[PDB]
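Below is the structure I would like to discuss, written out as structure tokens.
Read from first to last, the chains carry the letters A, B, C, D and E; within each, the first residue is number 1.
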């Protein structure tokens, strides 16, 4: 009956159901003293604390312990009364076959968990999967759907390219690149001097004003990503829809490109979500 | 019982059966991630995606992998219930003998395929072949049949000339020329500057308004093609029926020629089809 | 006085001067910790490390930062004592006009750089440019020069066609295709399962024996490239000289083609170089 | 003349000269009653006792009081008669520039110290520095040098990655992680109940059989470290040489990994040393 | 109804209820002659004198005879008329589970005692527990709450670290270190000569001017404690709130640190108290 959409991502998780929201992808099984105060979930005896700790960089996220984050997001989005729902997940546009390994472990399965001590249960009627980026096309405005466009999702580690003709797809591909590599680049020179920064606590340093990120590093990253699209797409053609958090991160620099026609998707963070979410309304409803 | 007509072409495929239509000749065996969303056919274990990828420029189209496009067109035109049909193909007016290599591989053969996962089968009672251009004469209006006319099909790569006396043919020939050479000419100067266009994604650029095609390039192409007909035909004589997509592409420029009597065939795209299609009604029915 | 020839390429750079050689086209401006141990060049304050990092896929290589690779190759080929030389570059047979943008930035210019810390300078008397593929004709054996031949360079991203009559050219063209597309095809199915390969570290995987490249993928690539030459050349005619690294990559499969007369150029890697290099001896000497 | 190599480390110090050996990195300036019985060194009036006390966890070990441990190791390795030597230190592969701050304070300097009351002096002709991990490659067996390998040093607090092509480096990086974090994890749950353990006296508890370390904690640590290498290296590729004491600590669990090609370096403790030590023979001798 | 907060500590006890205050943690069951004149409490027949004698150094203070000090503090803070109250204790941020052993022995229990001969009774409605250091965050000023801060309590024997994001915690840990170790260090060299000082009567000697504490011993202690926080926190980041009596003891030396942003909490002695005390108002009121 209900519908829930979850983009696990690699650094951020974005959920939309009865209530929408997002949080950080950090997950840790490390033992903790003051359990009351943190967000956590316990499944079949193993406990995990969310929003802190490691980052789960493993590629092919079909098997990167997509276990605690999913249930936590389901509990946060919907309410306790809800028991049966329809899940619509978003996988990268290249790892589709892994959905076979997904459905087998989820479809028609009842999951019981704690969610900060308030034990509850949940079941899912049927599971559905959509490519990343392609989903966002549905959230796109009508004025851009008619034309031949290119959905370009700039993920933390994955760039997703989906070229759409007039309501049809032509090209689909993925690139191993994203903001994580930029964070690694920054830490490569920061940790060198005397410091101990890592890819996790580095963005907050930029936000609070400790790391002085020169404007041209963003330009270098822009050139690098745009150097990873020429073999597959000519960005001057195929009016482009930038999506993902990296797009918001680089928008003021993207807007000054030598591209005839383009734009940065509004609410890009949830775009890939909302789009797929719209698709759900089309299928079950 | 049923009758189906298929013009494979070189850039476009045009089918007419219980339901008519057309699509692009692009075919690719390349591996694909998001199979659901594309049009495809799998035959004896090998899968091909239609409407995208390469273009299959091979001449003598009797052997240019006329395999996936044919079955896809048959499935799209007719319905699943249909099992036996009569196929009427259109070959160029010079490669007739290759029909011997065609019939042997098709007549009395049952083909099973997927067509986007919905497996089905189909058989063909008997195969029939007609020259290109000659077919369109049947689709022609009565007012032009009586006079001595010249059917001139301007294909993407082949120009077909068939001179008809009063219900009889006198001259028949083919020329290696068409819109593909024009696309090559345009890309020769476009790719030179900084770009990466090819013969496939170049027409769409003209359509959407990126390539500024000067009016006189069309005139140059017109002179080139009309320079390829003087040895065989005097266009002032032999009232001319222009057919093919190139005719629609150049019609407003053809209409201003110093020719006493001529015309551009209506629905030229399907003309060569409809004509031959009429012929089928004459033979089996 | 001296003469130096440099084929920048897109994946490999090939230099010949007083000392010949080649290396990889990978270039990175990324910050590096252990600078001693890598090959690098610093120009006007910006440092670049060669043989590692990105790949610079940008087409129209007249402006793809042809800056560090050039100076590094000049330093490696010649010696420190040399100050003035004559440069003979090789551009694709379609981007000639870009030579105007080249000469202006190079002719009569003195470049100072580090080359792994040993600072040095160099000047170039005059600059010269030759088409790709056409150059290799000079390196060709005499037995093939007399006949009407077709120089076919199979680059990593560009196919160069130059048809030569008896010591004269007739046809000249370029196609966007090469081994880079093959690498993209392989990674399209490899990255899908669970992996993280890209177009850079994929050839080494084939070489060391991790990727199982089926024999028929090479055949598919051969058909694709040979499907990109029919509109311009009939390979049965115009005895063919295959050049480029891709020719060595596919030679044992090229040798089994239904072509009456052909061959694979020896030392094809440097052929395009040596040929043009011979031309230099003709002009200045 | 003589050559001495010193790996200060963070928990253990490893020296090799005329006589090889190792000891603990614990250093304390705390006042002591029974000075006779402990190992100590007094430099310019300040006394320090080695093998007991604090642990000097400060990162960027270029300035973590690398003062008493160094002289103590020099005295223990060589003999009293020796006056002039050549020092070859090992720094992490990311803090190279700090060598500038090192040489200035050491090169051409005479150090006098007590070494348990037997006053002596020593001078160093010239100082040399090598990256950690990279050094161990020289100690590696010939059978592994030819292939493209990955030196992976698992330090107490630092993971050092150095990817070597055929006798050349491609990738170099550091991660803040090691056995110290594992000790912190263990104490996090041990100290909680009633105890007072710290990161220093915790390994001895495991060795003597008081802390019951479940087998799966080692697996968790293995996954954590292997989660810190995917962005930079694919361990299935790049045949891996594990080095460092942590490798010996986890070897029986490393040996059961799903890695096609790998190994644990013999005498890993001194590997990083011996390797660099070999390098010294190449330079001065 | 009433609310009472008690920080037992290890050397000092700090109570706040209807009347606030503090005293020394010294407790002795030793027989005493002149009982009138000392502060004491007798519980179930056993008498204890407060403010003199031993010091109760036992770690895991959930069971270090937290019996007489508690009742004495309750009697001193509130008045005789009060019978029922709500207790809010402060435990270290690592020994939470011991609260289970606490509540069972206190919740819903009536305690009768003497308190210097004036017999009285008291009951507690419900018991509540909070981590040390975390509590002080509530007492903190608003200007520091919004930012990502680090509460650092420097106890007599325990260092408590609690890293707070924007109103949320991320890291929580404890270290065995404090002013008691400093007192032990001082006595190690004082008792050596001819004296008989211990960890109890040593601070008073500093206060009254008998022990000449060199300024650099405080610096050594500062470095030692700051050497015990690098693995868990980078003090340059995470604006720091120093709390505890040791902070007041070292404040003039803390203020001269190379830290960009920090401060010493006002009334740090009661900070950990007041904070938790505020929390009580939030829960019951």
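Quick note on the criterion: contacts are C-beta pairs under 8 Å (C-beta built on N, C-alpha and C of every residue); 3 or more make two chains touch, one makes a residue touch a chain.
Asks: Can you tell me the C-alpha superposition angle of chain C onto chain D, nearest 5°?
Replies: A turn of 25 degrees brings the C-alpha atoms of chain C onto chain D.
Asks: Thinking of A-D, which of C-D, A-E or D-E forms a repeat of its interface, with over half the contact pairs identical?
Replies: Most of the A-D contacts reappear at D-E.
Asks: Name the chain pair with more contacting C-beta pairs, choosing from A-B and B-C.
Replies: B-C
Asks: Averaging the CA atoms per chain, pick out the one whose centre lands closest to the mean of every protein CA shown.
Replies: A
Asks: Between chain A and chain B, what's the gap in Å when you average each chain's C-alpha atoms?
Replies: 45
Asks: Roughly how many whole angstrom separate the Cα centroids of chain A and chain C?
Replies: 39
Asks: List the centre-to-centre spacing of chain B and chain E in whole Å, with centres computed as mean CA coordinates.
Replies: The separation of the two C-alpha centroids amounts to 91 Å.
Asks: Hey, what residues on chain D touch two or more of the other chains?
Replies: Within chain D, residues 59, 94-96, 173-174, 188, 192, 230 contact more than one other chain.
Asks: Looking only at which chains touch which, which shape fits best: line, ring, star, complete or other?
Replies: Shape of the chain contacts: other, as it matches none of the listed patterns.
Asks: I'd like to see which chains touch which, written out pair by pair.
Replies: Pairs flagged as touching, ordered by label: A-B, A-C, A-D, A-E, B-C, C-D, D-E.
Asks: Using the touch rule from the top, collect the residues of chain C that touch chain D in their complex.
Replies: Residues 32-35, 37-38, 51-52, 195-197, 201, 204-205, 208, 210 of chain C touch chain D in their complex.
Asks: In the complex of these two chains, what residues of chain B are touching chain C?
Replies: Going by the criterion above, the answer is residues 29-31, 33, 54-59, 157, 180-181, 184, 188, 191-196, 198-199.
Asks: Which residues of chain C touch chain B in the complex?
Replies: Of all residues in chain C, those touching chain B are 59-60, 63, 94-97, 173-176, 185, 188-189, 192, 220, 224, 227-228, 230-232.
Asks: Applying the document's contact rule, which stretches of chain E touch chain A when the two form their complex?
Replies: Interface residues on chain E, with respect to chain A: 93-96, 131, 134, 147-148, 168-174, 230, 234, 236-237, 260.
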